[PDB]
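Working notes, structure below.
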Amino acid sequence: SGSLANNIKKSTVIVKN
Amino acid sequence: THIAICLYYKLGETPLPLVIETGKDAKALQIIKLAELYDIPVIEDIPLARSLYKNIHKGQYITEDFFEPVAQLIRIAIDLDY
């Protein structure tokens with residue numbers, strides 16, 4: 001567990017609708 | 001239908017911006033909550049989000065149609081670190 005959160009933590013930008 | 005696309009670009013590591021996570025519905029909501037927690041810039045752009053979601057799957061680099069629109073996002077979102 002935790003892969004999602006660790007990916008978001010290191011990410012550059014989120015694009016949403 | 002809510003969607004969220006998580007882009008990762010690090011000069012030297014990723015040869016192109018990478019879609020590292022995506023989500024729809026509940027997962028999209030969760031991605032956005034995590035974004036707030038980690039202070040990751042979140043940009044609303046409905047045509048771009050829909051197109052990225054359809055075309056660029058989790059773990060795939062962006063493709064040519066997206067190079068410039070994603071560059072513009074990176075330019076505004078990059079942490080200059082001072």
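A short reminder: the numbers here are calculations on the coordinates, not readings from a lab. As a convention, Cβ positions derive from the backbone with ideal geometry for all residues, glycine included, and neighbour counts pool all protein chains shown.
Can you tell me the alpha carbon radius of gyration of region B:26-78 divided by the globular rule-of-thumb value 2.2 N^0.38 Å? The partial results should precede the final answer.
On the way: Rg = 11.8 Å, N = 53, 2.2 N^0.38 = 9.9 Å.
That ratio works out to 1.18.
Could you calculate the FRET efficiency of residue B:11 with residue A:4 from 1/(1 + (r/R0)^6), where r is the beta carbon distance between them and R0 is 22 Å, rounded to 0.05?
Details: r = 24 Å, r/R0 = 1.10.
Calculated value: 0.35.
Using a 10 angstrom Cβ neighbour count of at most 13 plus a DSSP loop assignment to flag exposed trypsin sites (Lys or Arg not before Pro), which longest range of chain B is free of such sites?
Numbers: sites that count: B:10, B:58.
It runs B:11-57.
Would you work out which of B:6, B:30, B:69 lies farthest towards the positive end of the dipole of chain B? Charges go on Cβ: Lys and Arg +1, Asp and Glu -1.
B:30
About its Cα centre, how strong a charge dipole does chain B have in debye, to the nearest 20, once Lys and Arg get +1 and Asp and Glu get -1 at the Cβ?
Values: 8 positive and 12 negative charges, 68 e Å.
The calculated dipole for chain B is roughly 320 debye.
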